[PDB]
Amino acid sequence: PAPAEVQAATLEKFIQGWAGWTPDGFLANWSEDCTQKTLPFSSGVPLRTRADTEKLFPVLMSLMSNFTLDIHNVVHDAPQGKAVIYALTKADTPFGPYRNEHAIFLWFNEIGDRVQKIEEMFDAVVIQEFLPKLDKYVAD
């Protein structure tokens, strides 16, 4: 894997792209083959490709305003090219305040300048429930 300081720079940019709460900014640090997989595996939530995320995050980020990201724990394994972030998110929607918490497992690419794989344990009800309901709305 890449040197620790190269990986660490990517890890920091990943976090600031998330905190920036824009689709292009967040995806800037994905590799081209990067995927996101919701945990636990038992929930059977389909993998998200980079393209899936480009289509999904504009509406999702528009729904949640005043987004703030609290980084509670960062664990960086430079010899393995891996990291974990525990993050707490807060936002507003018309349905009131919004909160989530994420245990996000990251793999860096070999060059070390991108995130190549994400596995994420979080409250997935929005992508599990509310999103089959948009598929049918644009279907209608």
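All residue numbers refer to positions in the sequence shown, first residue = 1.
*Asks:* Using the B-factors recorded in the PDB entry, average over the C-alpha atoms of 70-78 and of 52-60, then report which stretch comes out higher.
*Replies:* Per the PDB entry, the higher value belongs to 52-60.
*Asks:* Per the record, averaged over C-alpha atoms, which has the higher B-factor: 106-114 or 25-33?
*Replies:* Per the PDB entry, the higher value belongs to 25-33.
*Asks:* Taking the C-alpha B-factors as the PDB entry records them, is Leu131 in the lowest, middle or highest third of its chain?
*Replies:* Tercile = highest for this residue's CA B-factor.
*Asks:* Using the B-factor values recorded in the entry, state whether the Cα atom of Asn100 falls in the lowest, middle or highest third among the modelled residues of its chain.
*Replies:* Its C-alpha B-factor, which the entry lists for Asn100, ranks in the lowest third among residues of this chain.
*Asks:* Taking the entry's C-alpha B-factors for this chain, is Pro94 in the lowest, middle or highest third?
*Replies:* For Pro94, whose C-alpha B-factor we compare with every modelled residue in the chain, the answer is the highest third.
*Asks:* Per the entry's values, where does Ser65 land by CA temperature factor relative to the rest of its chain, in the lowest, middle or highest third?
*Replies:* For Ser65, whose C-alpha B-factor we compare with every modelled residue in the chain, the answer is the highest third.
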